[PDB]
Amino acid sequence: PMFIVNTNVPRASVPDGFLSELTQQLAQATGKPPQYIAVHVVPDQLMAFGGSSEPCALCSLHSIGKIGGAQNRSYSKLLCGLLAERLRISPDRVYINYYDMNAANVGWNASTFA
Amino acid sequence: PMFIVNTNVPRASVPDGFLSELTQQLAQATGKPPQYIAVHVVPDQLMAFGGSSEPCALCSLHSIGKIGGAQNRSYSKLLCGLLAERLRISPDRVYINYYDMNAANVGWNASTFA
Amino acid sequence: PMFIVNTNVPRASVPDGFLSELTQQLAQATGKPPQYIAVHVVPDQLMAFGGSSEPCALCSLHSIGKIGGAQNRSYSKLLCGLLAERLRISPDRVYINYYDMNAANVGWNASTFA
């Protein structure tokens, strides 16, 4: 799985250990080994949510399976919790797009996962 | 809706008020309340379009509904118009990927829209 | 087609000519003329892959057709080869998400490709 967060929160506000925390919590939530979890945090962005430049985040979670109605609710609770606690971003200024990728449509190690 | 634009145009060339302009015009075009429109502008990027490093943009528009052939033509006319007028990017050096998101696959406010 | 590579490799490690090389090789691989190929390289990113911060890449390839099991294996071989040779990123620290876009869902030149 791959989780990306784009935010207007400044780099200095991203706590040390945040990538490791995301990695561990996503491993637990998706049930996948941490070795397969990739995380990417993009601070200092020029963004707005509802016209406002207050702290916000635009995010994505891609996984081969483990994506669905109830699972995405659970991911959203987890991830908005983490963004509120660690980055001080209000949950109602976060979007997370979820993508259930087909194994044949994910490249890795010079081939695909199919 | 969430609109991202990635461009090689420098930050200083992005006019003041551009994120608000995008927010307003996307609200009007998509018919969505502006409170739900998120925008993200990423200048100074290392990119090429057709092998050329002249001004270009790679963009995405995600929305829960309001995505389709005629609607996307209308969005493209609006958004290319804005990128040409404000960033001086030729319309034929813009790509916009359109995504019709399922409500169950968009997280917001510690839950999803399903 | 549009190819994006996000990486923690620093900008100074991206060799001169890399965007051109990507453009050429993707033209050859996808069979589409280089005038239609767009490329975007994003260095210096805050990212981890499998819990660590050695060189890695998170990538996407969007194309109107020319996406499928065997084709994506071929793309992954090419692209991981290039990222290893030029950026010294191990192939097993690369993910590439492949997207088969419908022509009506890609904007260009103030309209769509439909």
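Miscellaneous remarks
- Label-zone membership for the range B:1-38, site B:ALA70, 7 angstrom Cα→C-beta point, backbone N under 20 Å: B:26-32
- Overall size of the protein assembly as shown from C-alpha positions, given as principal axis extents largest first: 45, 45, 34 Å.
- Helix C:69-87 and the long axis of chain C differ in direction by around 40°, with both axes built from C-alpha atoms.
- Most mobile listed residue (B:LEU78, B:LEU46, B:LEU61) in chain B, GNM with C-alpha springs under 10 Å: B:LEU46
- Using all pairs of distinct alpha-carbon atoms, the Kirkwood hydrodynamic radius of chain C works out to 14.7 angstrom.
- In the range B:25-88, trypsin sites (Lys or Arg not before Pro) in a DSSP loop with at most 14 other beta-carbon atoms within 10 Å: B:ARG88
- Nearest-ten-degree value, helix B:18-30 long axis tilted from longest Cα axis of chain B: 50 degrees
- Note on A:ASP44 and B:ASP100: the model spin-label points, each 7 Å out from Cα along the C-beta direction, lie 4.0 nm apart.
- Computed on chain B, with alpha-carbon pairs under 8 angstrom and 6+ residues apart, the relative contact order is 30 percent.
- Under 29 Å from A:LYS66, Cα to Cα: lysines that are on another chain or at least 8 residues apart: A:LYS32, A:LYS77, B:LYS66, C:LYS66, C:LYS77
- For the range B:16-32 versus the range C:23-49, the gap between their alpha-carbon centres in whole angstrom: 30 Å
- Across the identical copies, how the C:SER53 labels are spaced - nm, sorted shortest first, 7 Å along Cα→Cβ: 2.8, 2.8
Every read-out reported here was derived from the displayed coordinates using simple, explicitly stated rules and does not represent laboratory data. For neighbour counting, all protein chains shown are included, and Cβ atoms are generated from backbone atoms with ideal geometry for every residue, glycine included.
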